[PDB]
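Below: structure_1.txt (compact mmCIF, N, CA and C atoms and all ligand atoms)
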# COMPACT_ATOMS: atom_id res chain seq x y z
N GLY A 13 13.13 10.12 -11.29
CA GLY A 13 11.64 10.15 -11.24
C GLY A 13 11.11 10.08 -9.82
N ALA A 14 9.85 9.64 -9.69
CA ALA A 14 9.16 9.60 -8.40
C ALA A 14 9.84 8.70 -7.35
N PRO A 15 10.33 7.51 -7.76
CA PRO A 15 11.08 6.70 -6.81
C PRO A 15 12.31 7.41 -6.23
N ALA A 16 13.09 8.01 -7.12
CA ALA A 16 14.30 8.74 -6.72
C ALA A 16 13.99 9.91 -5.78
N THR A 17 12.91 10.64 -6.07
CA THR A 17 12.44 11.69 -5.16
C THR A 17 12.17 11.14 -3.76
N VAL A 18 11.56 9.96 -3.66
CA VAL A 18 11.28 9.37 -2.32
C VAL A 18 12.60 9.03 -1.61
N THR A 19 13.53 8.44 -2.36
CA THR A 19 14.90 8.11 -1.85
C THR A 19 15.59 9.34 -1.24
N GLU A 20 15.51 10.46 -1.96
CA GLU A 20 16.17 11.70 -1.61
C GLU A 20 15.47 12.56 -0.57
N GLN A 21 14.12 12.54 -0.54
CA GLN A 21 13.35 13.45 0.31
C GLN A 21 12.41 12.76 1.31
N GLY A 22 12.27 11.44 1.19
CA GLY A 22 11.20 10.70 1.91
C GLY A 22 11.45 10.67 3.41
N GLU A 23 10.36 10.66 4.19
CA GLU A 23 10.41 10.46 5.66
C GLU A 23 10.47 8.98 5.98
N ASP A 24 11.36 8.60 6.90
CA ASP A 24 11.45 7.21 7.34
C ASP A 24 10.33 6.98 8.36
N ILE A 25 9.34 6.15 8.01
CA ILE A 25 8.19 5.90 8.91
C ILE A 25 8.22 4.53 9.64
N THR A 26 9.36 3.82 9.56
CA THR A 26 9.50 2.55 10.25
C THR A 26 9.70 2.77 11.75
N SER A 27 9.33 1.77 12.56
CA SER A 27 9.59 1.80 14.00
C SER A 27 11.08 1.71 14.30
N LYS A 28 11.78 0.91 13.49
CA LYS A 28 13.21 0.65 13.65
C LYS A 28 14.12 1.72 13.03
N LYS A 29 13.53 2.71 12.36
CA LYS A 29 14.27 3.74 11.60
C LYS A 29 15.39 3.14 10.74
N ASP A 30 15.00 2.18 9.90
CA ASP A 30 15.96 1.47 9.06
C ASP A 30 15.83 1.83 7.58
N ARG A 31 15.15 2.94 7.30
CA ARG A 31 14.82 3.38 5.93
C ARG A 31 14.02 2.36 5.11
N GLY A 32 13.38 1.42 5.80
CA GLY A 32 12.67 0.34 5.09
C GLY A 32 11.40 0.77 4.38
N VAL A 33 10.78 1.84 4.88
CA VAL A 33 9.55 2.41 4.30
C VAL A 33 9.72 3.93 4.35
N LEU A 34 9.79 4.54 3.18
CA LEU A 34 10.01 6.00 3.07
C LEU A 34 8.76 6.62 2.43
N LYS A 35 8.35 7.80 2.90
CA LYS A 35 7.08 8.42 2.48
C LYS A 35 7.21 9.90 2.13
N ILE A 36 6.53 10.30 1.06
CA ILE A 36 6.28 11.72 0.75
C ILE A 36 4.79 11.89 0.53
N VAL A 37 4.20 12.86 1.23
CA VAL A 37 2.83 13.29 0.96
C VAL A 37 2.82 14.19 -0.28
N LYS A 38 2.07 13.74 -1.28
CA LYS A 38 1.96 14.46 -2.56
C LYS A 38 0.72 15.34 -2.64
N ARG A 39 -0.33 14.89 -1.98
CA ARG A 39 -1.52 15.71 -1.83
C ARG A 39 -2.01 15.54 -0.42
N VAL A 40 -2.13 16.65 0.31
CA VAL A 40 -2.69 16.62 1.65
C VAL A 40 -4.18 16.24 1.59
N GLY A 41 -4.59 15.33 2.46
CA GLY A 41 -5.98 14.92 2.55
C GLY A 41 -6.76 15.89 3.41
N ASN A 42 -8.06 16.01 3.13
CA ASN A 42 -8.93 16.87 3.92
C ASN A 42 -9.47 16.18 5.17
N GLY A 43 -9.36 14.85 5.22
CA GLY A 43 -9.75 14.05 6.40
C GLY A 43 -9.02 14.44 7.67
N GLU A 44 -9.72 14.42 8.80
CA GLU A 44 -9.18 14.86 10.09
C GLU A 44 -8.26 13.87 10.77
N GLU A 45 -8.66 12.59 10.78
CA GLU A 45 -8.00 11.57 11.58
C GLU A 45 -7.55 10.38 10.71
N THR A 46 -6.50 9.69 11.15
CA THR A 46 -6.07 8.46 10.49
C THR A 46 -7.05 7.30 10.77
N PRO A 47 -7.07 6.28 9.88
CA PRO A 47 -7.97 5.16 10.16
C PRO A 47 -7.52 4.41 11.41
N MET A 48 -8.46 3.72 12.06
CA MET A 48 -8.16 2.89 13.22
C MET A 48 -7.78 1.52 12.71
N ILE A 49 -7.00 0.77 13.48
CA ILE A 49 -6.68 -0.62 13.13
C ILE A 49 -7.98 -1.42 13.02
N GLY A 50 -8.10 -2.24 11.97
CA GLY A 50 -9.35 -2.94 11.69
C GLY A 50 -10.27 -2.27 10.67
N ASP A 51 -10.15 -0.96 10.51
CA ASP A 51 -11.08 -0.28 9.61
C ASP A 51 -10.98 -0.79 8.19
N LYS A 52 -12.09 -0.69 7.46
CA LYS A 52 -12.15 -1.06 6.06
C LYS A 52 -11.63 0.15 5.28
N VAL A 53 -10.51 -0.02 4.58
CA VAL A 53 -9.94 1.08 3.78
C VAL A 53 -10.12 0.88 2.26
N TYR A 54 -10.38 1.99 1.57
CA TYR A 54 -10.64 2.01 0.13
C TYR A 54 -9.51 2.81 -0.50
N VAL A 55 -8.70 2.16 -1.33
CA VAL A 55 -7.58 2.86 -1.98
C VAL A 55 -7.54 2.69 -3.51
N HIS A 56 -6.90 3.66 -4.17
CA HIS A 56 -6.42 3.50 -5.54
C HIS A 56 -4.89 3.55 -5.46
N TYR A 57 -4.20 2.70 -6.24
CA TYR A 57 -2.73 2.65 -6.24
C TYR A 57 -2.11 2.46 -7.63
N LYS A 58 -0.86 2.90 -7.74
CA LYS A 58 0.03 2.56 -8.86
C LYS A 58 1.25 1.89 -8.24
N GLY A 59 1.67 0.75 -8.80
CA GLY A 59 2.83 -0.02 -8.23
C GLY A 59 3.91 -0.08 -9.30
N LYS A 60 5.13 0.31 -8.95
CA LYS A 60 6.26 0.23 -9.88
C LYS A 60 7.45 -0.46 -9.23
N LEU A 61 8.26 -1.14 -10.04
CA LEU A 61 9.56 -1.61 -9.55
C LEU A 61 10.43 -0.37 -9.33
N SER A 62 11.51 -0.49 -8.56
CA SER A 62 12.39 0.66 -8.28
C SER A 62 12.82 1.38 -9.55
N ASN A 63 13.11 0.61 -10.60
CA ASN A 63 13.51 1.13 -11.93
C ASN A 63 12.42 1.90 -12.71
N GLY A 64 11.22 1.97 -12.14
CA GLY A 64 10.09 2.68 -12.75
C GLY A 64 9.11 1.84 -13.58
N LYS A 65 9.44 0.57 -13.84
CA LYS A 65 8.53 -0.32 -14.61
C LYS A 65 7.23 -0.62 -13.85
N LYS A 66 6.10 -0.30 -14.48
CA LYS A 66 4.77 -0.54 -13.86
C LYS A 66 4.48 -2.04 -13.71
N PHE A 67 3.96 -2.44 -12.55
CA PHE A 67 3.54 -3.83 -12.37
C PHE A 67 2.06 -4.04 -12.12
N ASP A 68 1.38 -3.01 -11.61
CA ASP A 68 -0.06 -3.08 -11.39
C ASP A 68 -0.61 -1.73 -10.98
N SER A 69 -1.87 -1.50 -11.33
CA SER A 69 -2.58 -0.30 -10.91
C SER A 69 -4.06 -0.61 -10.83
N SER A 70 -4.68 -0.24 -9.71
CA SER A 70 -6.11 -0.42 -9.54
C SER A 70 -6.90 0.39 -10.58
N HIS A 71 -6.31 1.48 -11.08
CA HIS A 71 -6.92 2.33 -12.12
C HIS A 71 -7.08 1.63 -13.48
N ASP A 72 -6.35 0.54 -13.67
CA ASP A 72 -6.51 -0.31 -14.85
C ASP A 72 -7.79 -1.14 -14.85
N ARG A 73 -8.36 -1.40 -13.68
CA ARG A 73 -9.62 -2.14 -13.61
C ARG A 73 -10.77 -1.29 -13.09
N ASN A 74 -10.49 0.01 -12.93
CA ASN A 74 -11.45 0.99 -12.42
C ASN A 74 -12.17 0.51 -11.16
N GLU A 75 -11.38 -0.02 -10.22
CA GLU A 75 -11.92 -0.58 -9.01
C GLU A 75 -10.98 -0.32 -7.85
N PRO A 76 -11.46 0.43 -6.83
CA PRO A 76 -10.65 0.62 -5.63
C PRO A 76 -10.25 -0.72 -5.04
N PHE A 77 -9.07 -0.76 -4.41
CA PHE A 77 -8.60 -1.93 -3.67
C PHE A 77 -9.03 -1.78 -2.22
N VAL A 78 -9.66 -2.82 -1.68
CA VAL A 78 -10.26 -2.72 -0.36
C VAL A 78 -9.68 -3.75 0.60
N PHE A 79 -9.18 -3.29 1.75
CA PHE A 79 -8.68 -4.23 2.79
C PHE A 79 -8.94 -3.70 4.18
N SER A 80 -8.74 -4.56 5.19
CA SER A 80 -8.80 -4.15 6.59
C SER A 80 -7.40 -3.79 7.07
N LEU A 81 -7.25 -2.56 7.57
CA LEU A 81 -5.96 -2.04 8.03
C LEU A 81 -5.40 -2.79 9.23
N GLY A 82 -4.11 -3.11 9.16
CA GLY A 82 -3.34 -3.55 10.32
C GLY A 82 -3.59 -5.00 10.67
N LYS A 83 -4.18 -5.73 9.73
CA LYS A 83 -4.51 -7.14 9.92
C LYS A 83 -3.62 -8.14 9.17
N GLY A 84 -2.55 -7.64 8.55
CA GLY A 84 -1.65 -8.46 7.75
C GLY A 84 -2.29 -9.05 6.51
N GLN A 85 -3.20 -8.30 5.91
CA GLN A 85 -3.87 -8.73 4.68
C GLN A 85 -3.10 -8.27 3.44
N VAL A 86 -2.10 -7.43 3.69
CA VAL A 86 -1.23 -6.85 2.67
C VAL A 86 0.21 -6.82 3.19
N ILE A 87 1.14 -6.47 2.31
CA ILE A 87 2.56 -6.37 2.70
C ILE A 87 2.75 -5.36 3.85
N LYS A 88 3.81 -5.55 4.62
CA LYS A 88 4.02 -4.77 5.85
C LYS A 88 4.11 -3.26 5.58
N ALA A 89 4.73 -2.89 4.46
CA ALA A 89 4.89 -1.48 4.13
C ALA A 89 3.53 -0.80 3.97
N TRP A 90 2.55 -1.55 3.48
CA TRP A 90 1.19 -1.02 3.30
C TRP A 90 0.48 -0.84 4.63
N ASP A 91 0.62 -1.82 5.52
CA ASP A 91 0.03 -1.67 6.85
C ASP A 91 0.66 -0.48 7.56
N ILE A 92 1.98 -0.31 7.42
CA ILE A 92 2.69 0.83 8.00
C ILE A 92 2.25 2.17 7.40
N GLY A 93 2.22 2.23 6.07
CA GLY A 93 1.98 3.48 5.37
C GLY A 93 0.58 4.00 5.53
N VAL A 94 -0.40 3.13 5.27
CA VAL A 94 -1.81 3.53 5.19
C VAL A 94 -2.27 3.98 6.57
N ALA A 95 -1.69 3.37 7.59
CA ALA A 95 -1.94 3.78 8.98
C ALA A 95 -1.60 5.25 9.30
N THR A 96 -0.74 5.87 8.49
CA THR A 96 -0.32 7.27 8.69
C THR A 96 -1.13 8.27 7.84
N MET A 97 -2.05 7.77 7.02
CA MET A 97 -2.73 8.59 6.01
C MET A 97 -4.06 9.13 6.51
N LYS A 98 -4.49 10.25 5.93
CA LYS A 98 -5.81 10.83 6.19
C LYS A 98 -6.66 10.66 4.94
N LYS A 99 -7.99 10.74 5.08
CA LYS A 99 -8.87 10.61 3.91
C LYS A 99 -8.54 11.68 2.88
N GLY A 100 -8.39 11.27 1.62
CA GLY A 100 -8.11 12.20 0.54
C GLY A 100 -6.65 12.38 0.21
N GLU A 101 -5.78 11.86 1.05
CA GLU A 101 -4.33 12.01 0.88
C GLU A 101 -3.82 11.13 -0.26
N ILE A 102 -2.84 11.63 -1.00
CA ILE A 102 -2.07 10.79 -1.91
C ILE A 102 -0.64 10.81 -1.42
N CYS A 103 -0.06 9.64 -1.21
CA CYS A 103 1.33 9.58 -0.84
C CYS A 103 2.14 8.71 -1.77
N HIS A 104 3.45 8.92 -1.77
CA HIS A 104 4.38 8.02 -2.45
C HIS A 104 5.21 7.24 -1.41
N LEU A 105 5.32 5.91 -1.57
CA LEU A 105 6.06 5.09 -0.60
C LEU A 105 7.13 4.34 -1.34
N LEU A 106 8.30 4.24 -0.73
CA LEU A 106 9.34 3.37 -1.26
C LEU A 106 9.63 2.31 -0.20
N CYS A 107 9.57 1.04 -0.62
CA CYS A 107 9.48 -0.08 0.31
C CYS A 107 10.60 -1.09 0.06
N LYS A 108 11.50 -1.29 1.03
CA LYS A 108 12.60 -2.24 0.86
C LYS A 108 12.04 -3.68 0.93
N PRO A 109 12.77 -4.67 0.38
CA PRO A 109 12.16 -6.02 0.30
C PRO A 109 11.75 -6.62 1.64
N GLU A 110 12.45 -6.26 2.72
CA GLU A 110 12.09 -6.69 4.09
C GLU A 110 10.65 -6.32 4.46
N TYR A 111 10.14 -5.24 3.86
CA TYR A 111 8.80 -4.75 4.15
C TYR A 111 7.86 -4.99 2.97
N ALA A 112 8.31 -5.81 2.03
CA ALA A 112 7.46 -6.13 0.89
C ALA A 112 7.50 -7.64 0.65
N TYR A 113 8.06 -8.07 -0.48
CA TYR A 113 8.02 -9.51 -0.85
C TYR A 113 9.31 -10.31 -0.57
N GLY A 114 10.29 -9.69 0.08
CA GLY A 114 11.50 -10.40 0.55
C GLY A 114 12.19 -11.19 -0.56
N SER A 115 12.82 -12.30 -0.19
CA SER A 115 13.58 -13.08 -1.17
C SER A 115 12.63 -13.88 -2.06
N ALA A 116 11.42 -14.15 -1.56
CA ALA A 116 10.44 -14.91 -2.32
C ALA A 116 9.91 -14.18 -3.54
N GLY A 117 9.73 -12.87 -3.42
CA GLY A 117 9.11 -12.06 -4.49
C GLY A 117 7.64 -12.40 -4.69
N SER A 118 7.07 -11.94 -5.82
CA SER A 118 5.70 -12.27 -6.23
C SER A 118 5.74 -12.57 -7.73
N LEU A 119 6.27 -13.75 -8.05
CA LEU A 119 6.59 -14.12 -9.43
C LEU A 119 5.34 -14.30 -10.29
N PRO A 120 5.43 -13.93 -11.57
CA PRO A 120 6.64 -13.50 -12.31
C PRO A 120 6.96 -12.01 -12.21
N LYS A 121 5.98 -11.22 -11.78
CA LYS A 121 6.04 -9.75 -11.95
C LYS A 121 6.96 -9.04 -10.98
N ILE A 122 7.04 -9.55 -9.74
CA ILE A 122 7.93 -9.01 -8.71
C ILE A 122 9.05 -10.01 -8.38
N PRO A 123 10.30 -9.65 -8.73
CA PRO A 123 11.42 -10.54 -8.50
C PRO A 123 11.88 -10.59 -7.04
N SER A 124 12.76 -11.53 -6.74
CA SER A 124 13.41 -11.63 -5.43
C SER A 124 14.11 -10.32 -5.03
N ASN A 125 13.96 -9.97 -3.76
CA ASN A 125 14.69 -8.86 -3.17
C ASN A 125 14.43 -7.50 -3.86
N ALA A 126 13.18 -7.30 -4.31
CA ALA A 126 12.80 -6.04 -4.96
C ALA A 126 12.44 -4.92 -3.99
N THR A 127 12.95 -3.72 -4.28
CA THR A 127 12.46 -2.49 -3.63
C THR A 127 11.31 -1.96 -4.49
N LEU A 128 10.16 -1.69 -3.86
CA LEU A 128 8.92 -1.32 -4.56
C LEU A 128 8.49 0.11 -4.31
N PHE A 129 8.00 0.77 -5.36
CA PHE A 129 7.39 2.10 -5.24
C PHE A 129 5.88 1.94 -5.35
N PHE A 130 5.12 2.65 -4.52
CA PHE A 130 3.68 2.67 -4.64
C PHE A 130 3.20 4.10 -4.48
N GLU A 131 2.20 4.48 -5.25
CA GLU A 131 1.46 5.70 -4.95
C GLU A 131 0.14 5.17 -4.43
N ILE A 132 -0.27 5.63 -3.24
CA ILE A 132 -1.53 5.24 -2.64
C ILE A 132 -2.40 6.48 -2.48
N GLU A 133 -3.65 6.36 -2.92
CA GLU A 133 -4.64 7.41 -2.63
C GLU A 133 -5.61 6.80 -1.66
N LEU A 134 -5.78 7.40 -0.50
CA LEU A 134 -6.77 6.86 0.42
C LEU A 134 -8.10 7.53 0.11
N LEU A 135 -8.93 6.80 -0.63
CA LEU A 135 -10.24 7.24 -1.09
C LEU A 135 -11.25 7.42 0.03
N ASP A 136 -11.30 6.48 0.96
CA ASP A 136 -12.29 6.49 2.05
C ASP A 136 -11.92 5.40 3.06
N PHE A 137 -12.50 5.49 4.26
CA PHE A 137 -12.47 4.38 5.20
C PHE A 137 -13.70 4.35 6.11
N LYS A 138 -14.05 3.14 6.53
CA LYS A 138 -15.19 2.90 7.40
C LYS A 138 -14.75 2.10 8.62
N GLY A 139 -15.28 2.50 9.77
CA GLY A 139 -15.00 1.85 11.03
C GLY A 139 -15.26 0.36 11.04
N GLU A 140 -14.30 -0.38 11.58
CA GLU A 140 -14.38 -1.83 11.77
C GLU A 140 -15.75 -2.31 12.27
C1 LIG B 1 2.53 -8.00 -8.88
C2 LIG B 1 1.64 -7.79 -7.64
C3 LIG B 1 0.15 -7.65 -7.99
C4 LIG B 1 -0.41 -8.96 -8.62
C5 LIG B 1 -1.91 -8.86 -8.93
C6 LIG B 1 -2.72 -8.47 -7.68
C7 LIG B 1 -2.19 -7.16 -7.07
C8 LIG B 1 -0.68 -7.23 -6.76
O1 LIG B 1 -0.51 -8.20 -5.72
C9 LIG B 1 -0.16 -5.83 -6.29
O2 LIG B 1 -0.14 -4.86 -7.06
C10 LIG B 1 0.45 -5.70 -4.88
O3 LIG B 1 1.66 -5.88 -4.75
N1 LIG B 1 -0.33 -5.41 -3.82
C11 LIG B 1 -1.80 -5.21 -4.04
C12 LIG B 1 -2.22 -3.91 -3.35
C13 LIG B 1 -1.78 -3.93 -1.88
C14 LIG B 1 -0.25 -4.07 -1.74
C15 LIG B 1 0.24 -5.34 -2.44
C16 LIG B 1 -0.18 -6.58 -1.61
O4 LIG B 1 0.06 -6.65 -0.40
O5 LIG B 1 -0.82 -7.60 -2.27
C17 LIG B 1 -1.26 -8.77 -1.51
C18 LIG B 1 -0.26 -9.86 -1.82
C19 LIG B 1 -0.38 -11.00 -0.82
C20 LIG B 1 0.30 -10.74 0.54
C21 LIG B 1 -0.51 -10.55 1.66
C22 LIG B 1 0.08 -10.33 2.93
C23 LIG B 1 1.49 -10.31 3.04
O6 LIG B 1 2.10 -10.09 4.25
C24 LIG B 1 1.32 -10.41 5.44
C25 LIG B 1 2.31 -10.50 1.92
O7 LIG B 1 3.69 -10.46 2.12
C26 LIG B 1 4.56 -10.89 1.04
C27 LIG B 1 1.70 -10.72 0.68
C28 LIG B 1 -2.69 -9.09 -1.99
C29 LIG B 1 -3.76 -9.10 -1.09
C30 LIG B 1 -5.04 -9.37 -1.56
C31 LIG B 1 -5.25 -9.64 -2.91
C32 LIG B 1 -4.18 -9.66 -3.81
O8 LIG B 1 -4.30 -9.93 -5.14
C33 LIG B 1 -5.66 -10.15 -5.61
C34 LIG B 1 -6.26 -11.53 -5.34
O9 LIG B 1 -5.55 -12.41 -4.82
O10 LIG B 1 -7.46 -11.68 -5.64
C35 LIG B 1 -2.90 -9.38 -3.34

The structure given in the file should be rewritten as structure tokens.
Amino acid sequence: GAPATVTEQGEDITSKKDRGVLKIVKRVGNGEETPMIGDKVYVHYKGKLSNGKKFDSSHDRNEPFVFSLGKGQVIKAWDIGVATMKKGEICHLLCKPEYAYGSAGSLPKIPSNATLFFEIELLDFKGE
């Protein structure tokens, strides 16, 4: 499925090139530039365990997820990934536990040492 496609075809977007965060652009965004650090970003996402089991989706509450980019308000893979996106883009990310919830996890739904799949749609962003 989609996780396996990222494993097989994904671009390594980490600074360390350790395959910790892998990305495929699924829909090219029409936006010109990536958001700046600090900007308010508006996203819709689907989150799955590596095995494909759904754990959360913003589409279940019909509400975009909103955070400030690059401020450590979310897991490291998200700060890394969203920073590479343009407005309107949908990407798939595969995130090793070092760049997500590590040995601690996010219990009960996310276990220790989980590799996570996310589809992120960058709906919009506004300058810090
Ligand atoms: C099973 C995970 C669910 C649980 C219900 C809320 C969303 C959820 O956390 C999720 O789907 C998720 O895994 N997210 C949410 C979308 C952004 C990516 C990821 C996330 O970073 O969530 C943070 C978790 C807290 C966090 C923050 C910073 C971290 O590193 C610096 C970090 O590392 C382990 C962990 C998040 C942020 C804000 C709100 C939130 O949940 C809603 C709430 O608390 O009101 C969850």

Can you work out the spacing between atom N of residue 49 of chain A and atom CA of residue 81 of chain A in Å, to one decimal?
6.2 Å

Residues within 12 Å of segment 33-39 of chain A, only C-alpha atoms, excluding chain neighbours under 5 positions, as a ChimeraX atom specification
/A:14-28,87-94,96-112,127-134

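Reported to one decimal place, the separation of atom C of residue 13 of chain A from atom N of residue 40 of chain A is 17.9 Å.
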
What does the list of residues within 8 Å of ligand LIG 1 (chain B) look like if you count only N, CA and C atoms and all ligand atoms, written as a ChimeraX atom specification?
/A:57-60,66-70,77-79,83-91,111-114,116-123

Check chain A with DSSP on the backbone and list each residue it calls helix (DSSP H, G or I), as a ChimeraX atom specification.
/A:14-21,70-72,88-94,109-111

For atom CA of residue 136 of chain A and atom CA of residue 54 of chain A, quote the distance in Å rounded to one decimal.
5.1 Å

Could you find all residues in chain A that DSSP calls strand (DSSP E or B) from the backbone, and write them as a ChimeraX atom specification?
/A:23-24,33-39,52-61,66-69,77-80,102-107,118,122,128-138

For residue 52 of chain A, the nearest of the candidates A:138, A:76, A:29, A:126, counting only N, CA and C atoms:
A:138

Select, from A:62, A:140, A:46, A:135, the residue with the minimum atom-to-atom distance to residue 75 of chain A, counting only C-alpha atoms.
A:135

What would segment 28-49 of chain A look like with N, CA, C and O atoms in place, written as an mmCIF file, in the coordinates of the input?
data_model
loop_
_atom_site.group_PDB
_atom_site.id
_atom_site.type_symbol
_atom_site.label_atom_id
_atom_site.label_comp_id
_atom_site.auth_asym_id
_atom_site.auth_seq_id
_atom_site.Cartn_x
_atom_site.Cartn_y
_atom_site.Cartn_z
ATOM 1 N N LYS A 28 11.780 0.910 13.490
ATOM 2 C CA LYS A 28 13.210 0.650 13.650
ATOM 3 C C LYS A 28 14.120 1.720 13.030
ATOM 4 O O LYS A 28 15.346 1.637 13.177
ATOM 5 N N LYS A 29 13.530 2.710 12.360
ATOM 6 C CA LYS A 29 14.270 3.740 11.600
ATOM 7 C C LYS A 29 15.390 3.140 10.740
ATOM 8 O O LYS A 29 16.557 3.536 10.833
ATOM 9 N N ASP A 30 15.000 2.180 9.900
ATOM 10 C CA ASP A 30 15.960 1.470 9.060
ATOM 11 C C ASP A 30 15.830 1.830 7.580
ATOM 12 O O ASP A 30 16.337 1.103 6.714
ATOM 13 N N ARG A 31 15.150 2.940 7.300
ATOM 14 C CA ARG A 31 14.820 3.380 5.930
ATOM 15 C C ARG A 31 14.020 2.360 5.110
ATOM 16 O O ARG A 31 13.966 2.430 3.875
ATOM 17 N N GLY A 32 13.380 1.420 5.800
ATOM 18 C CA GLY A 32 12.670 0.340 5.090
ATOM 19 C C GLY A 32 11.400 0.770 4.380
ATOM 20 O O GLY A 32 10.980 0.125 3.410
ATOM 21 N N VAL A 33 10.780 1.840 4.880
ATOM 22 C CA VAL A 33 9.550 2.410 4.300
ATOM 23 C C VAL A 33 9.720 3.930 4.350
ATOM 24 O O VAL A 33 9.796 4.513 5.415
ATOM 25 N N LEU A 34 9.790 4.540 3.180
ATOM 26 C CA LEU A 34 10.010 6.000 3.070
ATOM 27 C C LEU A 34 8.760 6.620 2.430
ATOM 28 O O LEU A 34 8.174 6.015 1.534
ATOM 29 N N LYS A 35 8.350 7.800 2.900
ATOM 30 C CA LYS A 35 7.080 8.420 2.480
ATOM 31 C C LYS A 35 7.210 9.900 2.130
ATOM 32 O O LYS A 35 7.908 10.654 2.821
ATOM 33 N N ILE A 36 6.530 10.300 1.060
ATOM 34 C CA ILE A 36 6.280 11.720 0.750
ATOM 35 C C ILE A 36 4.790 11.890 0.530
ATOM 36 O O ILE A 36 4.193 11.187 -0.284
ATOM 37 N N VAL A 37 4.200 12.860 1.230
ATOM 38 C CA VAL A 37 2.830 13.290 0.960
ATOM 39 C C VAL A 37 2.820 14.190 -0.280
ATOM 40 O O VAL A 37 3.460 15.264 -0.310
ATOM 41 N N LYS A 38 2.070 13.740 -1.280
ATOM 42 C CA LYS A 38 1.960 14.460 -2.560
ATOM 43 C C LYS A 38 0.720 15.340 -2.640
ATOM 44 O O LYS A 38 0.705 16.389 -3.322
ATOM 45 N N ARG A 39 -0.330 14.890 -1.980
ATOM 46 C CA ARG A 39 -1.520 15.710 -1.830
ATOM 47 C C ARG A 39 -2.010 15.540 -0.420
ATOM 48 O O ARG A 39 -2.243 14.437 0.018
ATOM 49 N N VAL A 40 -2.130 16.650 0.310
ATOM 50 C CA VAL A 40 -2.690 16.620 1.650
ATOM 51 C C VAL A 40 -4.180 16.240 1.590
ATOM 52 O O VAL A 40 -4.928 16.765 0.765
ATOM 53 N N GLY A 41 -4.590 15.330 2.460
ATOM 54 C CA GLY A 41 -5.980 14.920 2.550
ATOM 55 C C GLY A 41 -6.760 15.890 3.410
ATOM 56 O O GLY A 41 -6.199 16.507 4.325
ATOM 57 N N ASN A 42 -8.060 16.010 3.130
ATOM 58 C CA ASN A 42 -8.930 16.870 3.920
ATOM 59 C C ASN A 42 -9.470 16.180 5.170
ATOM 60 O O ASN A 42 -9.978 16.846 6.085
ATOM 61 N N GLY A 43 -9.360 14.850 5.220
ATOM 62 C CA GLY A 43 -9.750 14.050 6.400
ATOM 63 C C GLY A 43 -9.020 14.440 7.670
ATOM 64 O O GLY A 43 -7.823 14.756 7.625
ATOM 65 N N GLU A 44 -9.720 14.420 8.800
ATOM 66 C CA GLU A 44 -9.180 14.860 10.090
ATOM 67 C C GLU A 44 -8.260 13.870 10.770
ATOM 68 O O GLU A 44 -7.202 14.252 11.287
ATOM 69 N N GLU A 45 -8.660 12.590 10.780
ATOM 70 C CA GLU A 45 -8.000 11.570 11.580
ATOM 71 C C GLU A 45 -7.550 10.380 10.710
ATOM 72 O O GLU A 45 -8.120 10.109 9.644
ATOM 73 N N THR A 46 -6.500 9.690 11.150
ATOM 74 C CA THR A 46 -6.070 8.460 10.490
ATOM 75 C C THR A 46 -7.050 7.300 10.770
ATOM 76 O O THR A 46 -7.798 7.335 11.772
ATOM 77 N N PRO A 47 -7.070 6.280 9.880
ATOM 78 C CA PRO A 47 -7.970 5.160 10.160
ATOM 79 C C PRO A 47 -7.520 4.410 11.410
ATOM 80 O O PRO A 47 -6.353 4.502 11.797
ATOM 81 N N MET A 48 -8.460 3.720 12.060
ATOM 82 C CA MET A 48 -8.160 2.890 13.220
ATOM 83 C C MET A 48 -7.780 1.520 12.710
ATOM 84 O O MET A 48 -8.221 1.120 11.656
ATOM 85 N N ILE A 49 -7.000 0.770 13.480
ATOM 86 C CA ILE A 49 -6.680 -0.620 13.130
ATOM 87 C C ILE A 49 -7.980 -1.420 13.020
ATOM 88 O O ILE A 49 -8.861 -1.272 13.845
#
